[PDB]
Every structure is written in C-alpha cells, then in structure tokens.
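Written out below as structure tokens is the structure these notes cover.
Reconstructed Cβ throughout: ideal geometry from the backbone, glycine too, with neighbour counts over all protein chains shown. Basis: the model, the stated rules and, where named, an outside source; these are not laboratory values.
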Amino acid sequence: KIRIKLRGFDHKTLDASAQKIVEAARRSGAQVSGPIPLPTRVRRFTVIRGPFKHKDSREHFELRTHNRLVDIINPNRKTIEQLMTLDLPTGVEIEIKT
Amino acid sequence: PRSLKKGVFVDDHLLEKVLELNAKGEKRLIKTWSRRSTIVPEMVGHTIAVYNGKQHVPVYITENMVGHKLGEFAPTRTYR
Amino acid sequence: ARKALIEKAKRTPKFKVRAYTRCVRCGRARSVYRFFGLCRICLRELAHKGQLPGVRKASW
Amino acid sequence: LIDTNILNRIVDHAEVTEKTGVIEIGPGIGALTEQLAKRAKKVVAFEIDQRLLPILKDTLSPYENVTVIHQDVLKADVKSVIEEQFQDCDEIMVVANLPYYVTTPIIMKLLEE
Amino acid sequence: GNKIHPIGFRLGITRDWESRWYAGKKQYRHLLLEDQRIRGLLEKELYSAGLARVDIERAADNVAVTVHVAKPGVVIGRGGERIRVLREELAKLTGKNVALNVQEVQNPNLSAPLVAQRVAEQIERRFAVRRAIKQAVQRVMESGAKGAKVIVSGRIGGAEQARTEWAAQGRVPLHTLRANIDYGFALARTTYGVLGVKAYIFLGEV
RNA sequence: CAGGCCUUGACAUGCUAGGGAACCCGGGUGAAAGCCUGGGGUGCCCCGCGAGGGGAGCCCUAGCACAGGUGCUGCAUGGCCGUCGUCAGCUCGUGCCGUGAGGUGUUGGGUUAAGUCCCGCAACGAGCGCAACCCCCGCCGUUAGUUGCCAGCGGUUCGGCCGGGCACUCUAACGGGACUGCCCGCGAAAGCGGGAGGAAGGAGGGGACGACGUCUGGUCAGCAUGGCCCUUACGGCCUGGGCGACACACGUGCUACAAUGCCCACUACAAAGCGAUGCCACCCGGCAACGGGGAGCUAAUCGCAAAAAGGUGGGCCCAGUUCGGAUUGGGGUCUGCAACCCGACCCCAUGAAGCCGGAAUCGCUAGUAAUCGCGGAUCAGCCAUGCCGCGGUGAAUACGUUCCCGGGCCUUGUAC
Ligand SMILES: [Zn+2]
C-alpha cells in the first residue's frame, strides 16, 4: 500500500536505483508491483548563440526528468526498516507516500 | 479607466493642500509635479502650476473639466 | 550593467512593481530566465561547460 | 646545456636516495635540479639572477620537493637553513655546478663552516 | 569558423556533468547560485595547487565536493590543517556541512586544463610562444595521448597586431562522438592585454 | 533631458582619531529622495566587592590608500557569433623525378551529395575534412503494468462505473532489423536496369555536427582586459518627461477586397506543453469581459482546454452588400501606489480605404507549398499581428541547361 517515487535527470542511475529498491524489497518477503515507467517531462530553452545579434542562430538545450514507480504491496516491518537505510546514488531523488 | 469600486484616485499630498487652502482664503499658482491626479469639485475655480517636464505650466480649473486628469492640459511635446 | 544598478535591484523598492530580475553572474536584465536566474549568454556558457545537471544539447 | 644522460651518471655517483636532501647551487635553467627531484626527497636552491628565474620557476612547477631561496650563497647562514628546512630527512648531500670564477671560495666556505 | 564547445557536444556520452544532483524548479536557482559561488572560491584559492576539476554532489541536505589536483601536498598541508580551514570556509559560506575530498590526477600531462594553465603561465612569464607550444605538444605526445592540439589567441609578443599561432600532432577527430577528447581553456593576463589558450587531447575511442 | 539633493559613497578590502559601541520606535519640512529634531536603548568576554573600567564584533564624524564610469578606442585584444558554405576542399610523412625554385601524390576516363568509389598512372599512405559513431520519426521483440489501457468474464444507478486482467493501444529502458544482403541481365571494376522477400531499397525522412582560411566582418552597451579621459562630476539618489513626435520615403508582417463565400445554432476527431504566494472544476449575480462563494491538484489522477478548419440545419442573393472593420463618441471590467502623454479586454454607437493590384521582386520539390487552430519563453498587465514549437486538411510541376545569379575544378595573357 506504499508508493515509491523515483525522480531523476539521468535515466541510467534512476534505473539502477529502482532495480536496487525492487530487488531488496523482493528479497524481503512480500511481492511488489514492479518498476512502472512514467512519461518523462521536458523543459526546452532556445537561445541566440551570438552575444549581440544574428537572431537566426538559436541553439537549443533540453532538461528532461525521468520518473519511476515501485508500489510495494503488503508492507513488512523488517522490509520497512530495510527502507530509509540503503544509501541512494547522488543524482537520484526518492519520495515515499502511502 | 478606474475600477469605480475603489473610487477616483487623487494624491493625498495634493488633496490635503487643496482642502486646507480652500478652508482659509485663497492662494494662486500652486506648484505641483503630480501628473496623475484627477479633477475634483473641491478645487474648481483655482489655478495649478503643473510640471510638464521642463517648467510648471499654469492651468485654470473650470467646472466643465471635472471628470478629467491633471496632465492632459499640460503639453509634453512642442511641434513647430 | 553598472554596479550601483546591480545593488539597486537587491532592495525592496517601497512597492512590488519596481522589483525585477537581474542575471546572478553578469548583472544583465535583458534575457534572464526564472528557472535558472541567468542571462542567455551565461546560460549557454555554463551549459557548454557541463555545470548544469541534466541540461544537454537538444536534437529531435 | 649538457647531454641528458651524463647528469644521470653524476646523480648516480651522488648515491641519492628517496630519503636524502640536496643543496644545489646555481641551477640556471634547471637541468640538474629536475633530474634530482625525481630520486631525491627535498631540494633547496640558492640562486640570484631575476633573468633565468622565470624559466626556473616554470621548470620546477611539476614537483613539490624543490624550493628556491633568493639569497647569496656566500652571504648565508648555512647552519640555519640546513637545520630549518631539513628536519625530516635522514642524510643530506650537496650536488651543484659552479660558475668558474667563484668555485674555490664556495667549497672552502662550506668546508670551514 | 565558430567551432562548438567539445565538452558540451559530448555531455550525453564519453563525458559526464561536473555537477551531479537533482532539484525542483522551487530550489534549482539557489543550488546553482551556491554551486557557482563554491566553484569561484575554490578556483580563486587552489590555483597554486594546479586545479583540474571540481565535482559537486548532493545526497540529502549535504554537499560532497571532490577536487582534482596535480599535487595534493599543497591542498592538504603539513598534517591536514589547511583543508580543515578550507572546509570551515565552505561551511561558513553555505551552512550544510560540506565534505571536502581530494583526488590526484595520474600523469598530469594528460589533463587539458593543466596544460592550459601551464602554457598560460609560460605566456605570462614573457616566454617564446611558438617554442613553448611545440614543447607542450611534444610533452603531451610522449605520454600516450593519441592526439594533441594547442591554440594561442593573439597579441603575440606585445605586437600591435593579434594573430593565432596554432600547433598540433596526432589524431584529433573533433567530429566523432565516440572520441573522449579532453578540453581545457586558460586566460593569461600580461602588461599588453589578455591571451586565450585552448588545448585538446585525444585519448582512445569507444 | 528638465528639476530637487549627496560626496572614502549605492557596493569591497585596510589605517588615525573620537562613540551615542548589536540600536528600536516617533515629529517637522517636502514630489519624493533627502535635510534637521525627538523618546526607549548595550544584546559579548576579562577585570575591579561594586562604583568604574581593559577590551571585541558595532554603527556615526573627520581625514588617509580609494572605490566608481552603458566615457573613447571592435584599426591594440580575449571570449562568442555571422558569411563564403555543410561548399568540398586544405595539408603532411616516406619514396620517386629536376642542378635548383619546385613537381608527383591532389592529374586523366567514369561515377557519386561529397578529394565518395573504381581503373589507369611513380607513388604508398596519413591528418583536418565528407561519411560513420549520437538524437527523433517509421516495423517488431523482452523486461514493466498506475494516475495508462479494456479484448474475453460478473455485476453496473450503463459513464472503465466497480470486481477483475496486462491480451491491444500506450508508457518508458534494452535490443533486433537495411547490409546492394538474394536472383536475372549489362560492364574490367566502382556500379546500372529489373525482380523477390520485407514496415522500409539502393545516402529510408529530419536533427546535432561547420576544415585550413577570407571578410582590418560584428560586439569595449552581456562579460573579461591594454592604453587614454572624469572624479562636488562624465559618480550616485528621487519626481516628471522621453525612448510612443510626424509634410514624407523604405523593409518585414497582419487583416481584407467575397458565393470554393459570410453569419448563427448542434455535433465530432490531435499533438506538444504549462501550473502550489499558480491552474483554477462547479454554483450564483451580471448581455458581457468579470465579481462572490467554492472543491481538486507538487500533478499519465486535477486544470488550463473551447481545438479550428471539418459535418449537419437555417439565413444572406452580387449590392461598397449580413464583404471589410479601420476611425471616432460614450458606458464599463482587470492588473497594478498610479492607465493623459502611453495597457489590455467587454457592451452600445458610427462605419474609412479597399473590385486582386506598373516597372520590378520573393518563397517553395511531398506530408512540401497553401490553409486552420493550440502551446511555451519573458511576463503584475501587455501594444505578441513578433519568436520558438506542436498538430489537422493537404496540392501543382520539373521537357531541358540557351539565357539571369552564385559557386567548384581544369586550361591561357600581364604584374609580385
Ligand atoms: Zn549573465
């Protein structure tokens, strides 16, 4: 009944973190919903390459956020203590909501 | 224009001077820099030296010009 | 982009509407973005230098 | 300038170790001092030019062993520097190259002190 | 002309971001500003040490700064006191219990920034430009380094006219993504103005 | 720009004096900025019975090094960008030729988008180039099914609504697949014509990518920096004006000149984004923009959001018209301290020019042009009809290189 939010900028580290969490939870008794991929969100920034003029330059940049979902079912107490303890990679961001 | 709910806007610093001058006799050539204020029935018949940008221009307040703004009677650009 | 102009934007100007945004790196106020708080030139430089996490060249 | 292999031979004949410290006089460009830093532990240089010094300041930037002292070799309290810089090394050597005219007086001084 | 940044062209592959952390729109700007301030302070201070790279990590209300230095002797000090005050400085600047770390770069001849600052110092010391560039490229080539390229901006030898020097040897395939070309830029200030030096070094493929 | 003010100061690092030693709230004069002037205050150590002090960060005053300048030089520069041009070219090592400058390679025949490739050839290579490696779209597969989806089941107050399931679409990660690979024929080969299998066939369609160099190209007003120039002023602080003027000309666009149309009702089908001091569902008041109440959403859940051309029904009948909505007069709403100069929008009122446009000139080769709507950046609001993107409908034509413009390579005459 506990939902696990994974947000990231790099999909590789996000997948690694999700894999670690899912594996650890699966080892710890009850079954899990499994990694649910979610539509990534994209921010875009178009700029002028030149510092003064030539408004026909317009280099592009993107900032994309990748999303995951775990949704552990039938929570176990020792499973719970197993969470909040495993050190996560630097880039990845975690969220817990019942 | 104005929201008509919060009332016609007039600067306090000008309204106060106008009212106190009204109460005690009369004075001519009241110099001001407020281009934003609106004509009110409490200063009809007086003269205001409004700053148009380089020097205060005298304007004579009539009855008919009640509903208008200070600055529009002060030219800002000289053509020919 | 005078210094005095830089510090003038860092004080509450007695009303809300006088407040605006300046680049936190060079003090430009012409092409600043809310998300980063940088002008377009500084944004581009920092993006190229790879100092913006997750920001990358776009192509599609 | 001298061939790069001979200096190796002089340094070998100095029996320099990773533990010993060396006082070098008049590095000039800085061939010798380079080929010392490697096998040595602490290098101290007495040198006064202000002309070839920028070259010398550069050539030794890699290493952190070498230090430069802008003092006269003859107008120096050698005891003071030897005790001050070298509080850690086991033994101390001196390997240098002398500029002709003033070669005997330096050696005489270092020995009499 | 107008070649693009060789690093920005390879952010996705073969190169990695300097700053590695996530933050929402609510607090992206603040983190970026403090990161820039940290980088500025560190680059101003540790210049003598031969700075290479500054990595900034954040896990949970904490910062993990990694500093790549040619010679850790300068940064650490005689019994690890210098770093301490350095730490305190950062701790004072942004009160989130930073954790400074130092890594030494193997064979400093294979780091473009270091070559850049070296050549910049040579220029600042009124050296001969062309000879210095040949020496630098040869030195890079000695230590593997499948390609080397060095460019100097202009105003050579306090002349009235600016001119690019340029010198390279080996393979420098700027156009291939799977190149892993390390890039470095340095600025030299002299009595007759500013000079820019760029160094590219090509190390293998895939 | 006009006016009113200030001078180690709007901002940084240091000295010498004093001090009320973090400072907390009022009163005059004023457009403010400022200029004076009032009451309560010491918040940290050591010391001295305490009274007093020895001192800190700590703001004032006078002076010191000073800061400061969108002042000049882009022909002193860095950085960054534009153009030739995404054109295909620019070089080197070794070996050969020539006494030497030098040449060959890089020329010749053919073929490509290409100095791409083949053959010949005194050259064989290599580097920066092209191509490829990277991203998106197109087909399929494996992990993964919630906020996504609903084929086969059971209910359903019939809307995936519930119970239920990852079959399908999707959503993301990792792969497979296209390689002239197979066949027929033509060539000495690169290759060419035609077939088959395939989602795709002969660089599948776009993107990112810009060589040695040219233009004394652009930017000292993003920034950094050399040299001059000012420092009671060329510095700084406020109010107002101005950047928006107007006999005229030029450039880029928007809306039209109508019946393949216009107007009014009902009904459909998208993508890509954005949003917690924001989006704002729904109810009520008002013709309306909006106001009041008021849930739900850090978001595949909720909202912006009505998609519009399209389809159906009705009206208009060639008329400066139910074409067009400029211009002007009133009445309002919203943001904002403040809509005169100089905001947007709503309602009533009026209804300009304009009947497809000379010489001349621009864009476009297929999901293209043409046409229709939606989103985002900045943003209190917005003059945005701009810019960057997203999708809907969806063409016509290329016989040929004579000529116009701009390039590349190979050949010949007069100067460095
Ligand atoms: Zn900036």
Inset, instruction - Looking only at the stretch A:31-51, decide whether some residue is among the β-branched types (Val, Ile, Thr) and within 16 Å of the ligand (Cβ to nearest atom). - result: yes
Inset, instruction - Mind listing whichever residues of the stretch A:4-45 are surrounded by 12 or more Cβ atoms within 10 Å (Cβ to Cβ) and touching a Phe, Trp or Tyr at 6+ places or on another chain (Cβ under 9 Å)? - result: A:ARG7, A:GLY8, A:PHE9, A:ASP10, A:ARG43, A:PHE45
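Here's a check for you: in the stretch E:186-206, which residue that is within 15 Å of E:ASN109 (Cα to Cα) and within 11 Å of the chain's Cα centre (by Cα) is farthest from RNA strand F (Cβ to nearest atom)?
E:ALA199
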Legend entry - the stretch E:50-59, residues that are buried (at least 18 other Cβ atoms within 10 Å of the Cβ), facing another protein chain (nearest Cβ under 10 Å) and within 21 Å of E:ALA112 (Cα to Cα): E:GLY50, E:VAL54, E:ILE56
Inset, instruction - Can you tell me which residue within the stretch C:1-17, out of those that are near RNA strand F (Cβ under 6 Å from one of its atoms) and assigned to a loop (DSSP other than H, G, I, E, B), is nearest to C:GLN51 (Cα to Cα)? - result: C:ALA1
Inset, instruction - Could you check how many residues of the stretch B:1-33 are among the aliphatic types (A, V, I, L, M) and closer than 15 Å to B:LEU70 by Cα? - result: 7
Inset, instruction - Scan the stretch D:78-90 and report the pairs whose first residue is farther than 10 Å from D:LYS42 by Cβ and whose second residue is hydroxyl-bearing (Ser, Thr, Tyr), with Cβ atoms within less than 8 Å and a gap of 6+ or a chain change. - result: D:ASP90/D:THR20
Legend entry - Test: A:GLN82 is farther than 30 Å from E:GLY12 by Cα, in contact with a helix residue (DSSP H, G or I) (Cβ under 8 Å, 6 or more places away or on another chain) and more than 10 Å from chain C (Cβ to nearest Cβ): yes
Inset, instruction - Filter the stretch E:150-162 down to residues that are more than 8 Å from RNA strand F (Cβ to nearest atom) and farther than 21 Å from E:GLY50 by Cβ and give me whichever is surrounded by the fewest Cβ atoms within 10 Å (Cβ to Cβ). - result: E:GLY158
Inset, instruction - Could you list all residues from the stretch C:18-38 that are more than 8 Å from RNA strand F (Cβ to nearest atom) and outside any loop (DSSP other than H, G, I, E, B)? - result: C:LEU38
Legend entry - Count - residues of the stretch E:15-49 that are surrounded by fewer than 18 Cβ atoms within 10 Å (Cβ to Cβ), out of contact with any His (no Cβ under 9 Å at 6 or more places or on another chain) and assigned to a loop (DSSP other than H, G, I, E, B): 5
Inset, instruction - Considering each of E:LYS3, E:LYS44, E:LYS25 in turn, give the residue that is facing chain C (nearest Cβ under 9 Å), of a type in the set (D, E, K, R) and farther than 14 Å from C:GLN51 by Cα. - result: E:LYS25
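Only one of E:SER111, E:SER143 is within 13 Å of another protein chain (Cβ to nearest Cβ), touching a strand residue (DSSP E or B) at 6+ places or on another chain (Cβ under 6 Å) and among the hydroxyl-bearing types (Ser, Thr, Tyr); which?
E:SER111
Residues that are within 14 Å of another protein chain (Cβ to nearest Cβ) and within 19 Å of E:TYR28 (Cβ to Cβ): does the stretch A:15-25 have at least one? Give the derivation first.
Taking the stretch A:15-25 and keeping what is within 14 Å of another protein chain (Cβ to nearest Cβ), we get A:16-17.
Imposing the further condition that a residue be within 19 Å of E:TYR28 (Cβ to Cβ) reduces the set to none.
No - not one qualifying residue is present in the stretch A:15-25.
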Inset, instruction - Could you list all residues from the stretch E:46-64 that are farther than 15 Å from E:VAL105 by Cβ and of a type in the set (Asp, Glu)? - result: E:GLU57, E:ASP61
Legend entry - Flag for A:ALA18 being under 17 Å from the mean Cα position of the chain (by Cα) and small (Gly, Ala, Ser): yes
Inset, instruction - Go through the stretch C:39-58 residue by residue and tally those that are within 7 Å of chain A (Cβ to nearest Cβ) and part of a loop (DSSP other than H, G, I, E, B). - result: 3
Inset, instruction - Identify the single condition in (1) in a loop (DSSP other than H, G, I, E, B); (2) farther than 18 Å from B:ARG77 by Cα that B:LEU15 does not satisfy, given that it satisfies every other one. - result: (1)
Legend entry - Among the residues listed as E:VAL69, E:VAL63, the single one being touching a residue at least 12 places away in the same chain (Cβ under 8 Å) and within 20 Å of the chain's Cα centre (by Cα): E:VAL69
Inset, instruction - Would you kindly identify the helices (runs of 4 or more DSSP H) lying entirely within the stretch E:69-149 that contain at least 3 residues that are assigned by CATH to the domain that holds E:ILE201 and within 23 Å of E:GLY204 (Cβ to Cβ)? - result: E:112-124, E:129-142
Legend entry - Sole exception among (1) among the β-branched types (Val, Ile, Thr); (2) more than 16 Å from the chain's Cα centre (by Cα); (3) within 14 Å of another protein chain (Cβ to nearest Cβ); (4) over 22 Å from E:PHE9 (Cα atoms) for A:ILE73, by number: (3)
Legend entry - Selected residue [more than 14 Å from chain E (Cβ to nearest Cβ) and over 20 Å from D:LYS109 (Cα atoms)] from D:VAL16, D:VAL66: D:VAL16
Inset, instruction - Scan the stretch C:11-60 for residues that are of a type outside the set (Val, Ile, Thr) and within 16 Å of the ligand (Cβ to nearest atom) and report the count. - result: 28
Inset, instruction - From (1) touching a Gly at 6+ places or on another chain (Cβ under 6 Å); (2) assigned to a strand (DSSP E or B), pick out the condition that doesn't hold for A:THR13. - result: (2)
Inset, instruction - Look through the stretch A:31-70, keep the residues that are in contact (Cβ under 8 Å) with a residue 40 or more places away in the chain and away from chain C (no Cβ under 13 Å), and return whichever of them is farthest from C:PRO53 (Cα to Cα). - result: A:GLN31
